[PDB]
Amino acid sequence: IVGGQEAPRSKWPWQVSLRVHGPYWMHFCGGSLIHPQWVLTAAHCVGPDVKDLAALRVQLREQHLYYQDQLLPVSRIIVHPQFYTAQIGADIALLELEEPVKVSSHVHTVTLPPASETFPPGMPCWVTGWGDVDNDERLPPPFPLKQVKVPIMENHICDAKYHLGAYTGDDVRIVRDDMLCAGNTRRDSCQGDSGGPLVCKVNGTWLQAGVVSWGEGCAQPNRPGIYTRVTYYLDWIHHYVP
């Protein structure tokens, strides 16, 4: 997370840490609890190549990474069949927990938005995670959960910004329809925040608008953060998630 601050303990109960087995259970990606037995993440975190379920663990809401570790095993890894790279699209994945979680006030699910829900500029939106604080600058220990309020940019305006300083033809789409744009040179998501949630307060309720996907660096000029549009993959999510 570029800019912003450390998140208070009561905020973002849905935020999860994805862990890989090595010298320790290392955080590689973020995620969000969308159902007591289901975690929503980015496909690039757990794909496109087949991963070993034994080498993966899910860590629920934690104020400081690695401190209060209570790792949960994964039953199923479901990656969108249209996924290959974050730039092509379909950067969405589902993780089925071995057993459903005990929902508390400190740890509970995030509400998915309706199919017709469009997130326009000016809407209060926040992105969370334990990712890099800047380009090539990792989150320092004790690795606190960071939060940043990001401004939403319209897809066509964001696509136009991505063409500035690029050879890519103006008619050639960089920011696709299954993507969402948010952030600026001071506020953005980064490497390590991938798979994590982008929540927006719509009529007094928090709705996950996006999934941290990609971008040309972090908080760089004319390069806002790109997220997988949750509304676009609602039919695919509901096929596995009740």
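All residue numbers are counted from 1 along the displayed sequence.
Per-stretch averaging of Cα B factors for 216-224 and 14-22 places 14-22 on top. Of the two stretches examined, 67-75 and 101-109, the record assigns the greater average C-alpha temperature factor to 101-109.
The residue among 54, 182, 39, 174 whose C-alpha atom has the highest B-factor in the PDB entry is 54. You'll see in the entry that, of 115, 166, 158, 133, the Cα B factor peaks at 115. Ranked by Cα temperature factor within the chain, residue 81 sits in the middle third according to the deposited record. The deposited CA B-factor of residue 44 belongs to the lowest third of values across its chain.
Ranked by Cα temperature factor within the chain, residue 208 sits in the middle third according to the deposited record. Remark: residue 127 belongs to the middle third of its chain, ranked by C-alpha B-factor as recorded.
In the deposited entry, the Cα temperature factor of residue 190 sits in the bottom third of values across the chain's modelled residues.
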